[PDB]
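>>> Sequence first, structure after; it's an experimental one.
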Amino acid sequence: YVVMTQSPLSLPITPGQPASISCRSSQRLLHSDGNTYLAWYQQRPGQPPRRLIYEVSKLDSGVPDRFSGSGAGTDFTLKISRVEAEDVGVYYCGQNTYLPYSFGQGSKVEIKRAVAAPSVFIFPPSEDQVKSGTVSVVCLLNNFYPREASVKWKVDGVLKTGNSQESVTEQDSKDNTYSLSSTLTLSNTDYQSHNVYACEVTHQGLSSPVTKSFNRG
Amino acid sequence: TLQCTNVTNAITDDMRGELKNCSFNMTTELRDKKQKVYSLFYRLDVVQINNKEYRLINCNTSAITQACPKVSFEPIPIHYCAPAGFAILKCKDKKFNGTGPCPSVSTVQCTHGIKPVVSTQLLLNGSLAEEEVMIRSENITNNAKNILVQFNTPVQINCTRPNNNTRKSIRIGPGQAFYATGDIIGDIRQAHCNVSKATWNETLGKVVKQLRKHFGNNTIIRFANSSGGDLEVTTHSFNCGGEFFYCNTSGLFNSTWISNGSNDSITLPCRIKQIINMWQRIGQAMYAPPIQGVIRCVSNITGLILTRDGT
Amino acid sequence: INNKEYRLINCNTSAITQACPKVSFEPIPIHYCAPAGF
Amino acid sequence: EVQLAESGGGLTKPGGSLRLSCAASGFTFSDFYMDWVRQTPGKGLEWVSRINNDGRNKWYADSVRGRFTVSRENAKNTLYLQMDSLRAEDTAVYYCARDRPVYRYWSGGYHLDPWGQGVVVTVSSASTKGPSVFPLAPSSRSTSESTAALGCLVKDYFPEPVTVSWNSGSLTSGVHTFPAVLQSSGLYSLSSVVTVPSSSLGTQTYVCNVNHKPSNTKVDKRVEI
Ligand SMILES: *[C@@H]1O[C@H](CO)[C@@H](O[C@@H]2O[C@H](CO)[C@@H](O[C@@H]3O[C@H](CO[C@H]4O[C@H](CO[C@H]5O[C@H](CO)[C@@H](O)[C@H](O)[C@@H]5O[C@H]5O[C@H](CO)[C@@H](O)[C@H](O)[C@@H]5O)[C@@H](O)[C@H](O[C@H]5O[C@H](CO)[C@@H](O)[C@H](O)[C@@H]5O)[C@@H]4O)[C@@H](O)[C@H](O[C@H]4O[C@H](CO)[C@@H](O)[C@H](O)[C@@H]4O[C@H]4O[C@H](CO)[C@@H](O)[C@H](O)[C@@H]4O[C@H]4O[C@H](CO)[C@@H](O)[C@H](O)[C@@H]4O)[C@@H]3O)[C@H](O)[C@H]2NC(C)=O)[C@H](O)[C@H]1NC(C)=O
Ligand SMILES: *[C@@H]1O[C@H](CO)[C@@H](O[C@@H]2O[C@H](CO)[C@@H](O[C@@H]3O[C@H](CO)[C@@H](O)[C@H](O)[C@@H]3O)[C@H](O)[C@H]2NC(C)=O)[C@H](O)[C@H]1NC(C)=O
Ligand SMILES: *[C@@H]1O[C@H](CO)[C@@H](O[C@@H]2O[C@H](CO)[C@@H](O[C@@H]3O[C@H](CO)[C@@H](O)[C@H](O)[C@@H]3O)[C@H](O)[C@H]2NC(C)=O)[C@H](O)[C@H]1NC(C)=O
Ligand SMILES: *[C@@H]1O[C@H](CO)[C@@H](O[C@@H]2O[C@H](CO)[C@@H](O)[C@H](O)[C@H]2NC(C)=O)[C@H](O)[C@H]1NC(C)=O
Ligand SMILES: *[C@@H]1O[C@H](CO)[C@@H](O[C@@H]2O[C@H](CO)[C@@H](O)[C@H](O)[C@H]2NC(C)=O)[C@H](O)[C@H]1NC(C)=O
Ligand SMILES: *[C@@H]1O[C@H](CO)[C@@H](O)[C@H](O)[C@H]1NC(C)=O
Ligand SMILES: *[C@@H]1O[C@H](CO)[C@@H](O)[C@H](O)[C@H]1NC(C)=O
Ligand SMILES: *[C@@H]1O[C@H](CO)[C@@H](O)[C@H](O)[C@H]1NC(C)=O
Ligand SMILES: *[C@@H]1O[C@H](CO)[C@@H](O)[C@H](O)[C@H]1NC(C)=O
Ligand SMILES: *[C@@H]1O[C@H](CO)[C@@H](O)[C@H](O)[C@H]1NC(C)=O
Ligand SMILES: *[C@@H]1O[C@H](CO)[C@@H](O)[C@H](O)[C@H]1NC(C)=O
Ligand SMILES: *[C@@H]1O[C@H](CO)[C@@H](O)[C@H](O)[C@H]1NC(C)=O
Ligand SMILES: *[C@@H]1O[C@H](CO)[C@@H](O)[C@H](O)[C@H]1NC(C)=O
Ligand SMILES: *[C@@H]1O[C@H](CO)[C@@H](O)[C@H](O)[C@H]1NC(C)=O
């Protein structure tokens, strides 16, 4: 097998700025016919992978000329001379020289924007959660930046971590923030044991972690 | 009797059938035991019985011999030499035209190295004219005579069979083997020959400007393909790599010349045969064994065997 | 062949000819001679 | 202009079989090699199988060799993947793509271009099951803020999707609906949430409207203190 990998995993880039993505293989991609069958694809959100670049440097039909590609032996680069809004998506290098064909883990592009704190919220469990064999206590982080956040969990002062599931929006299409939820799912008895839940947000742009609460009753 | 499918090719009709996958019973090393075997065969090696039942092209006319795999068909140069008390005379006149007084002469023991290259329609690797594209016939004013033309410079033809066939050996008798085609590696593509269009167009221009001596300046003159006959003569039939090719020349001879880019080489498709006869014979056929790998050969066209209809 | 089934030694290498019963294998004296002028 | 499209993706239990179709348009389909390539939400892009133009030759990734067979019908401009002995790992989107051209005298390089629209494939033994609909009611703290928030944990449905909206489907301002958690039960759950000026609560009735379209089970459940 031939391994492929890209060095930057995520690139917060400002609209109009250049970006570049190195890709490296475990073995030389130059084939026995004298070509090097590396290619680059991009995948915008909710769409199939679209090829952009092939045989290291040739462009696909109708590809914007701001895209470029270069490299040799095992080491290769995409470069975009300025990013547009239509460049927001996931980029994969891949190779067709040796079976099985193989792809990089891929790199994310996102709109770099002002660091913003989560507005923090928390939700008392419903009358049917209260009797369900597990109780998902839930916390929300609303419209923040960058993506990097998670929630600590507490009740009656007791640190309650180790039971918490989390899920996240992609970047907002209109203001370019994120939202996140955290879901402390306890067993019914282990929830019932304690009264005043508090969800304690950690995020990269917070000046201290922010704790919001509810009282059972 | 052979039972034959097509090979799995799904292209344009009849071209699907251009090679057949035939299976049959055959004798072993032991008199009392038969074996079931299969081979690829080209469409022109076989004929249908009437259904999917076939027989070799020759069985109703000729015995058949496998050409031994070790003996080469390469046209090694021969010198022809005269016995003592005889001499070869060589005409030296650069504008000699095949008959009458040659005013300049020398004598030798033997000819130059002549290659026994066999090819219809076009002459391959043979000697260039000394200057001008010289034309020769025994009576040009009669249309029934062939007309040789001999170029002062070569035009280069590249021929290939791009299918990668495998050799396979079947014992048919005690110490006797038949070489079948086992299978094909990878993609199927047509066997063909290429010649550069600028050089062929120019060279055909030069042949017209010499026919303009024998036929006069007023005549627009035309080229056409061969009208009909056997595959041996209706095509540029020839040997390359030890395979026999039958290229359709209608792409070469298709132009009309007034009394007054370019890198796009023309390409001629070629059919192939394994069962063949020496063209001046019938009653003894030959089977040419299959060749491993891709075939290529490069050669000079240096002359033509033309004919005239009667502009 | 593989059992009580056999074949001749040659059937997978060579054809075979009976030596005619009349022609002798006996070694008879040969003198080798040079042409005139040798 | 060249296009590929795919059909026949869906749900199955493990150990079973599914057949996918990809149909070709805008080219001589019998001049091209073709490929199946799959995307898993975890590992990303993975090659599955390749077939040559006349169909004599076929290749597979180790994860699918012998479990799957690829086949083609050139007379119908169409390609099939027959999958057998399916496992949870085969859950992916499957895309077809076009590879090496073989023109009459000459063979090109290898490619994956263009790619199909893709078909979803899911392998699990879980029942077709309608959602629990749990209010994530606004906290007393949430209700004291200038802008409150609240939500709704739609839970233990299978397969996906649930389609979710706020307040008789009328509200989209300050709404987020999270990507679904696949829970260790083999059933999905997600939270919808909405952020509102706190005077709006009860001045409009806060409701998660929900439908689970694989069963057409739908619920319109209120979400308040
Ligand atoms: C004996 O002589 C024979 C010739 O008589 C000779 O056979 C010929 O060999 C040559 C090689 O030397 C073969 O060349 C290939 O031609 C392919 C297309 O060929 C067919 O179609 C064209 C149509 O016109 C286009 O093609 C010419 C090149 O021929 C270009 O110069 C033009 O600009 C024009 O380009 C468009 O089309 C391309 C796709 O086909 C697009 O890529 C491009 O962007 C444009 O849209 C005909 O001209 C051809 O006829 C020929 O044959 C006659 C026979 O008499 C000759 O007289 C004549 O001169 C012509 O040669 C034929 O019908 C090319 O595609 C191919 O290049 C591809 O492969 C290489 C290597 O991988 C890539 O670098 C290159 O980029 C191309 O890859 C793209 O295309 C493939 C599909 O082909 C895609 O799948 C792939 O993704 C890739 O991307 C493209 O598609 C993407 C969309 O999916 C898009 O995003 C990309 O941007 C891109 O568009 C190569 O040049 C020639 O075909 C042979 N002819 C035949 C009939 O076999 C023989 O070798 C000689 N033998 C010997 C012994 O000497
Ligand atoms: C021309 O026809 C022959 C006979 O159909 C093709 O060869 C192969 O013949 C063998 C038996 O002699 C077939 O059986 C086998 O199939 C299994 C499949 O799992 C395989 O594992 C065995 O090793 C054995 O090969 C075989 O099916 C058949 N092949 C095909 C493709 O039908 C021969 O390939 C044909 N030539 C061409 C170029 O198509
Ligand atoms: C006209 O003359 C040329 C030059 O001699 C001939 O081309 C050569 O033909 C041979 C066929 O025997 C080609 O095949 C083989 O090549 C390998 C090496 O690749 C060699 O080991 C074999 O002994 C054999 O030569 C050879 O590649 C080819 N090319 C050259 C430059 O020699 C041509 O065949 C002649 N034309 C005709 C119609 O005979
Ligand atoms: C026939 O093939 C020859 C080579 O076998 C072609 O001539 C040149 O070959 C050299 C050495 O490989 C290359 O550097 C040149 O690039 C070739 N010439 C061209 C025009 O590319 C020759 O062109 C071929 N002719 C035809 C009619 O196909
Ligand atoms: C033509 O087909 C033959 C089939 O025997 C190919 O032979 C290969 O030879 C190499 C020698 O190093 C072996 O390692 C391979 O195992 C053989 N088989 C294959 C499938 O490659 C040969 O490569 C082919 N050549 C061309 C130009 O197609
Ligand atoms: C074989 O080829 C001939 C000519 O194209 C066609 O009539 C026949 O139907 C083909 N049969 C198969 C099995 O492909
Ligand atoms: C081979 O011989 C058997 C009888 O021994 C017969 O049934 C069969 O049809 C023959 N097969 C072919 C391909 O001729
Ligand atoms: C041999 O068979 C072919 C079948 O096409 C036929 O054309 C030819 O006349 C036959 N020749 C003889 C001598 O029977
Ligand atoms: C060659 O020249 C001689 C000169 O006497 C002439 O008789 C003969 O007809 C010519 N033949 C051709 C083919 O030009
Ligand atoms: C050519 O042959 C014809 C008869 O077919 C004859 O009349 C004519 O004189 C001959 N021409 C030459 C140049 O010998
Ligand atoms: C034909 O043209 C050439 C000049 O191109 C001239 O030498 C020759 O005499 C001409 N012949 C006739 C019959 O006009
Ligand atoms: C000669 O070329 C013409 C082109 O229209 C074709 O109809 C005819 O069949 C060709 N003849 C031969 C023998 O190739
Ligand atoms: C030869 O090629 C021409 C087109 O170039 C085609 O019309 C003709 O039918 C072909 N001849 C044969 C004998 O196939
Ligand atoms: C012939 O048969 C013998 C049986 O033992 C075997 O050893 C030998 O290698 C075979 N030879 C050939 C050339 O098949």
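Cool, got the structure. Numbers count the residues shown, from 1 in each chain, chains lettered A, B, ... in the order given. Ligands and ions are numbered 1, 2, ... in the order given.

>>> Residues in contact with stretch A:57-66: which ones?
For stretch A:57-66, contacts defined as Cβ atoms under 8 Å, 6 or more residues apart in numbering or on different chains pick out A:51-54, A:67-70, A:80-82, A:84, D:113. Using the backbone N, CA and C atoms, a C-beta is placed for each residue, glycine as well.

>>> switch the cut-off to 10 Å
Contacts of stretch A:57-66 with the rest of the structure, by Cβ atoms under 10 Å, 6 or more residues apart in numbering or on different chains, involve A:18, A:36, A:38-42, A:50-54, A:67-71, A:76, A:79-84, A:86-87, D:1-2, D:111, D:113-114.

>>> Can you confirm whether it lies near ligand 1?
Yes. Under the criterion of Cβ under 6 Å from any ligand atom, ligand 1 is reached by stretch A:57-66 at A:58, A:60-61.

>>> Quick one, which of the residues you listed are buried?
Burial by neighbour count, 16 or more other Cβ atoms under 10 Å in any protein chain shown: within those this picks out residue A:60.

>>> which of the residues of stretch A:57-66 next to ligand 1 lies closest to residue D:61?
Of all those, the one with the least separation from residue D:61 (Cβ to Cβ) is residue A:60, at 25.0 Å.

>>> so residue D:107 touches residue A:33, yeah?
Yes. Between residue D:107 and residue A:33 there is a contact under Cβ atoms under 10 Å: 9.4 Å.

>>> Those two - which one has more neighbours?
Set residue D:107 next to residue A:33 and count neighbours by other Cβ atoms under 10 Å in any protein chain shown: residue D:107 wins out with 16 against 11.

>>> Kindly indicate whether the spatially closest residue to that one that is not a sequence neighbour is helix, strand or coil.
Residue nearest to residue D:107 in three dimensions, not counting chain neighbours: residue B:187, with 4.9 Å by Cβ to Cβ, 6 or more residues apart in numbering or on different chains. Following DSSP: H, G, I helix; E, B strand; the rest coil, the label given to residue B:187 is coil.

>>> Report the contact partners of residue 4.
Went with chain A since none was named. By Cβ under 10 Å, 6+ apart, the residues touching residue A:4 are A:23-26, A:29, A:38, A:74, A:76, A:92-95, A:101-106, D:45.

>>> you looked at the wrong chain, it should be chain D
Going by Cβ under 10 Å, 6+ apart, residue D:4 touches A:48, D:22-27, D:29, D:34, D:79, D:95-98, D:114-118.

>>> With adjacent residues omitted, what lies nearest to it?
Counting by Cβ to Cβ, 6+ apart, residue D:4 lies nearest to residue D:116, which is 4.1 Å off, once chain neighbours are set aside.

>>> Would you check that the one you found makes contact with residue D:37?
Yes. Using Cβ under 10 Å, residue D:116 is in contact with residue D:37, at 9.2 Å.

>>> The two: who's more crowded?
Taking other Cβ under 10 Å, residue D:116 and residue D:37 do not tie; residue D:37 has more neighbours (26 against 23).

>>> Give me the phi and psi angles of residue B:205.
Main-chain dihedrals, residue B:205, degrees, to the nearest 10: phi -60, psi -50.

>>> scratch that, residue B:94
Backbone torsions of residue B:94, given as degrees, to the nearest 10, read phi -60, psi -30.

>>> Secondary structure element for residue 214, which one?
Going with chain A. Take DSSP states H and E as the rule and residue A:214 turns out to sit in strand A:210-215.

>>> The intended chain is chain B.
helix B:197-215.

>>> Output the contacting helices and strands for that helix.
Packing partners of helix B:197-215 (3 or more Cβ pairs under 10 Å, 6 or more residues apart in numbering or on different chains; DSSP states H and E): strand B:134-136, strand B:147-173, strand B:221-223, strand B:255-257, strand B:266-273, strand B:293-306.

>>> and residue A:115, which of those is closest to it?
With Cβ to Cβ, the closest approach to residue A:115 among the helices and strands packed on helix B:197-215 belongs to strand B:147-173: 61.7 Å.

>>> Next, count neighbours for residue D:56.
Using other Cβ under 10 Å, residue D:56 is surrounded by 15 other residues.

>>> residues in contact with the residue located most distally from the centre of chain D?
Centroid-distance maximum for chain D: residue D:105 at 41.5 Å, with Cα atoms, centre = their mean. Listed by Cβ under 10 Å, 6+ apart, the contact partners of residue D:105 are B:160, B:162, B:189-192, B:194, B:267, B:269.

>>> go again using 7 Å as the cut-off
B:189-190, B:192, B:267 (Cβ atoms under 7 Å, 6 or more residues apart in numbering or on different chains).

>>> ditto for residue D:213
Counting by Cβ under 7 Å, 6+ apart, residue D:213 makes contact with D:161, D:163.

>>> now swap in residue D:74 and tell me
Applying Cβ under 7 Å, 6+ apart to residue D:74 gives the contacts B:10, D:29-30.

>>> Only whichever of the residues you listed are buried, select them in ChimeraX.
Applying 16+ other Cβ under 10 Å to these, the buried members can be selected in ChimeraX as follows:
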select /D:29,30
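
>>> In TSV, list the contacts of residue D:74 along with secondary structure and distance to residue A:215.
Formatted as TSV, the contacts of residue D:74 follow (DSSP: H, G, I helix; E, B strand; the rest coil; distance: Cβ to Cβ, whole Å):
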residue	secondary structure	distance to residue A:215
B:10	coil	74
D:29	helix	67
D:30	helix	72
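
>>> Of the contacts of residue D:74, just say which sits nearest to residue D:70.
The nearest member of the contacts of residue D:74 to residue D:70, counting by Cβ to Cβ, is residue D:29 at 14.4 Å.

>>> isn't that closest one right next to residue D:77, touching?
Yes. Assessed by Cβ atoms under 7 Å, residue D:29 is found in contact with residue D:77 at 4.3 Å.

>>> Please pick the buried ones from the contacts of residue A:4.
The neighbour-count criterion (16+ other Cβ under 10 Å) marks A:23-25, A:29, A:38, A:74, A:76, A:92-95, A:101-104, A:106, D:45 among the contacts of residue A:4 as buried.

>>> And the helices in chain D?
Applying DSSP state H to chain D gives helices spanning D:140-144.

>>> And chain A, by the same measure?
Secondary structure of chain A by DSSP H: the helices cover A:188-192.

>>> What is the end-to-end distance of stretch B:229-246?
13 Å (Cα to Cα, to the nearest Å).

>>> Check stretch D:192-209 too.
End-to-end distance for stretch D:192-209: 10 Å, by Cα to Cα.

>>> So which bits of it are buried?
For stretch D:192-209, burial by neighbour count (16+ other Cβ under 10 Å) applies to D:192-196, D:201, D:206-209.

>>> Residue ranges of each domain in chain A, please.
As assigned by CATH domains of a matching chain, chain A contains the domains A:4-111, A:119-215.

>>> give me every residue that touches residue D:99.
Here residue D:99 is in contact with D:32-35, D:50, D:110-112 (Cβ under 7 Å, 6+ apart).

>>> that older thread, I'd say the residue nearest to residue D:4 and residue D:21 touch.
No. Under the criterion of Cβ under 7 Å, residue D:116 is not in contact with residue D:21, lying 10.4 Å apart.

>>> circling back: of all the contacts of residue D:74, which comes closest to chain A?
residue D:29 (18.9 Å; Cβ to the nearest Cβ).

>>> Distance of the closest one relative to ligand 1?
The gap separating residue D:29 from ligand 1 is 12 Å, by Cβ to the nearest ligand atom, to the nearest Å.
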